[PDB]
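Below is one structure, written out as structure tokens, with a few remarks after it.
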Amino acid sequence: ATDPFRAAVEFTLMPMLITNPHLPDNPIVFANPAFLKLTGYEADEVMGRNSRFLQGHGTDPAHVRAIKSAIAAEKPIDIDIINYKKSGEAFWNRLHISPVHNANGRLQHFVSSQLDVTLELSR
Amino acid sequence: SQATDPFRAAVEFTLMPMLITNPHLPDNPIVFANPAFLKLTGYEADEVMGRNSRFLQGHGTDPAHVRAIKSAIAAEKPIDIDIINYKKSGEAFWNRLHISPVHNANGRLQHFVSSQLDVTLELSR
Ligand SMILES: Cc1cc2nc3c(=O)[nH]c(=O)nc-3n(C[C@H](O)[C@H](O)[C@H](O)COP(=O)(O)O)c2cc1C
Ligand SMILES: Cc1cc2nc3c(=O)[nH]c(=O)nc-3n(C[C@H](O)[C@H](O)[C@H](O)COP(=O)(O)O)c2cc1C
């Protein structure tokens, strides 16, 4: 009895993260193979860490503030932001984050897509 | 009311169109379509649920593409392919289609899952 939705996420070519805001600092509790190929990290290097580690010297603080404020308000956000592979290579990340609420309205998870749009935006 | 499945919410909330089909029902019908798929194609959930994904094909669709998909599905193998499909509006578009079979622990086919993406502009160069 395999979960078809889990397999959807495991097999898609679109990078995806799930985080758990009931653990301290809202850490990644799942990253799909697409995310690990994109960024160069192993699963054990990203699980248990906040997604912040993708940010670096080029990252616009205005982008980071907007994400922080949407997460605190438990609201979704779409935004392009400069992020960094483990190698150190910069890329433009088209980032989509959505909160996941209980039936009772209690925040449970966050889920995200990430898409390298370096070539698109280079135009 | 149970804790909500994070992976189901991942697929419901992503902007990437996705379908799940059930090959143990007759004609391998769609049993889940995410809102991204309904935005892409223009259909309501009740117009696509319970149907084979074939309904997206039309006069422009290359039968060679359809044969290749049919043969991959019968062999329970994945396929990546661009194919002409049709929105409910009638507009034709290039669909970058990614299909994967989903196996049991025992290796028995259980579901198929797909991504779909309008790549009309990319392919138009
Ligand atoms: C599910 C999820 C995925 C995230 N993915 C990214 C990401 O791909 N890149 C990034 O720069 N920040 C990402 N973030 C944002 C950071 O984790 C963090 O929330 C951001 O830096 C704002 O907060 P801070 O000031 O506490 O670091 C993600 C956040 C969540 C909830
Ligand atoms: C999970 C899944 C998703 C599919 N999505 C599409 C789609 O978006 N577009 C399409 O043209 N065919 C799609 N198909 C392929 C058709 O449903 C069908 O298998 C194909 O037309 C070949 O078989 P046929 O000769 O019976 O029509 C999908 C099939 C599966 C299993």
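Note that ligands are numbered from 1 as they come in the structure, with each ligand's atoms numbered from 1 the same way. Heavy atoms only: backbone and side chains are in, while hydrogens, waters and symmetry mates are out. Here is how names work: the chains are called A, B, and so on, in the same order as the sequence lines, proteins then strands, and each is numbered from 1.
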Taking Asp25(A) for the side chain and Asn50(A) for the main chain, is one N or O donor matched with an acceptor at less than 3.5 Å?
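Side chain of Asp25(A) to backbone of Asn50(A), a donor-acceptor pair under 3.5 Å: no, none is there.
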Can you tell me if NZ on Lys68(A) sees more than 12 non-hydrogen neighbours from other groups inside 6.0 Å?
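At most 12 heavy atoms, drawn from other residues, nucleotides or ligands, come within 6.0 Å of this atom.
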Aromatic centroids of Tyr84(A) and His57(A) separated by under 6.0 Å
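Yes.
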Which ring pair (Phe, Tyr, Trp, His ring centres under 6.0 Å) pairs, counting each pair once, include a residue from residues 19-57 of chain B, with sequence neighbours left out?
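Every pair satisfying ring pair (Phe, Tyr, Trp, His ring centres under 6.0 Å) with a residue in residues 19-57 of chain B: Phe5(A)-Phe32(B), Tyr43(B)-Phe55(B).
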Do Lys77(B) and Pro101(B) make a side-chain contact, defined as non-hydrogen atoms from C-beta onward lying under 4.5 Å apart?
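Of all side-chain heavy-atom pairs linking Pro101(B) with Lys77(B), none is under 4.5 Å.
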Can we say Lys85(A) and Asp116(A) salt-bridge, meaning some charged N sits less than 4.0 Å from an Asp/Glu carboxylate O?
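Yes, this pair counts.
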Heavy-atom cut-off of under 4.0 Å around ligand 2: list whichever protein residues fall inside it, by chain and number.
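Within the 4.0 Å shell of ligand 2, which is judged on heavy atoms, sit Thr21(B), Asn28(B), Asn52(B), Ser53(B), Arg54(B), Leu56(B), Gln57(B), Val66(B), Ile69(B), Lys70(B), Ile73(B), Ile83(B), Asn85(B), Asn95(B), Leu97(B), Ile99(B), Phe112(B), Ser114(B), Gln116(B).
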